[PDB]
């Protein structure tokens, strides 16, 4: 459809929001490349998607992996029209219990990996290509034990504002999708190792959304598709928040 004839790269495409986004973009006719660290999930994701979705085992935090990943895109497709820097995660640590590892792990995948994924992608991206970063409402709010994650997500949104000007000559527009609480494996894992612990954590998080439910991952993916499509032609540097109103109220 609108994305037909377009080449899309979704980092962290093997599960959750990155998975649903790869599905939606491909359903619009785009050629999608997805990345994951675990070979088994990547193979299941490629098989579940079908529709000419290409899988590459890559770690966004490893600079050499990014070089290899973009080489496969250059060798096969030869261009990148859509980039969704989805690969990221959250971990909880209250102030007074923040380890250097906890800080470094969050920033390397949530922020550093975003910077160098984007910088490496650029030679492939033509004029009028679209870049989508994954933010969070936690980037604009405060939650106990979430300061490090929240700071990383705020850093992500901040990158898009300056990159508007850095990429103005090349004609690529960069925007941010900031999801609210989305039903994923990653969100469930915060609730615990136990199944009641993940079930009760998802239920409390749902109770925080004003419409009263968690998002299905497809609901975030529609937002990425919109930014990937030509309809977003006048959107640049913007944050689109789909949170059921949680951070809007």
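Residue numbers count along the first chain shown, from 1.
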(request) Mind pulling up the entry and telling me whether 188-196 or 205-213 has the higher mean Cα temperature factor? (result) 188-196
(request) Report the stretch with the higher mean CA temperature factor, choosing between 55-63 and 217-225 on the basis of the entry. (result) 55-63
(message) When the deposited Cα B-factors of this chain's modelled residues are ordered and cut into thirds, is residue 230 in the lowest, the middle or the highest one?
(response) highest
(request) Taking the values exactly as deposited, rank residue 180 by C-alpha B-factor within its chain and report the matching third: lowest, middle or highest. (result) lowest
(request) Just say lowest, middle or highest third for the CA B-factor of residue 106 relative to the other modelled residues in its chain. (result) middle
(request) Please rank the C-alpha B-factors of the chain's modelled residues and tell me whether residue 170 sits in the lowest, middle or highest third. (result) highest
(request) Can you work out whether the C-alpha temperature factor of residue 72 puts it in the lowest, middle or highest third of the chain? (result) highest
